[PDB]
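Just the one chain here, laid out as structure tokens, in the form deposited in one PDB entry.
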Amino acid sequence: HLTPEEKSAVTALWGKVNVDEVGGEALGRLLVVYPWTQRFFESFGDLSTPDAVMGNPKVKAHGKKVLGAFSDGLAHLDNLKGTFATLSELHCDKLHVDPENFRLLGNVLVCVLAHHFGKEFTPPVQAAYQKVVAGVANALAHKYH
């Protein structure tokens, strides 16, 4: 569980985030760094190179969608399971997304926040975000069956 200081540090850093920008960057980096995650996006067009993936408007659009939901979920740090329950059932039952993809995206998100904020993304701030990305991943995997 996050401590009160950790919640405050997450909230404070997230106030400086351009969610659409970071979402597009994190999703594109997921597809570049872990290319097997492209399996869900065969309808998205060109994913032939790192530049093509990062510049792909459908990739950016899906990044905006996923991180917008993530962002909203940060108002519910004490009820992530409840907040992501229906999205958990959808990702399992209809989208067939292995929950390991949520952990990989959380790892890419941490790397992007580190790249974006530099020294401001301190060891303690990182520790806080690690709890958040494991919490969201676990909440999105909770209704799998």
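Residues carry their position along the shown sequence, with the first being 1. By rigid core we mean the largest C-alpha set that fits within 1.5 Å across both forms.
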**OP:** Read off the CA B-factors in the entry, average them over 3 to 11 and over 136 to 144, and name the higher stretch.
**Re:** 3 to 11
**OP:** Averaging only over Cα atoms, indicate whether 75 to 83 or 109 to 117 has the higher B-factor in the PDB entry.
**Re:** 75 to 83
**OP:** Return the residue from 55, 99, 68, 35 that has the highest Cα B-factor in the entry.
**Re:** 55
Original post:
Relative to the other modelled residues in the chain, which third contains the C-alpha temperature factor of residue 94: lowest, middle or highest?
Top reply: middle
**OP:** Give the position of residue 47 by CA B-factor within its chain, expressed as the lowest, middle or highest third.
**Re:** highest
Original post:
Compared with the other modelled residues in the chain, in which third is the CA B-factor of residue 29?
Top reply: lowest
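As for the form deposited in another entry, it is not shown, yet the points below apply to it.
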Original post:
Among 35, 50, 68, 45, whose C-alpha is off by 2 Å or more between the shown form and the other one on a rigid-core fit?
Top reply: 68
Original post:
Once the two forms are fit on the core, has residue 113 moved its CA by at least 2 Å between the shown form and the other one?
Top reply: no
Subject >> Per-residue C-alpha change between the shown form and the other one, residue 80, threshold 2 Å, rigid core fit >> reply: yes
**OP:** Note whether the distance between the C-alpha atoms of residue 82 and residue 12 decreases (closer) or increases (farther) in the other entry, against the displayed form; the change is 3 Å or more.
**Re:** closer
**OP:** Can you tell whether residue 82 sits closer to or farther from residue 10 in the other entry than it does here, judged by CA atoms, where the change is 3 Å or more?
**Re:** closer
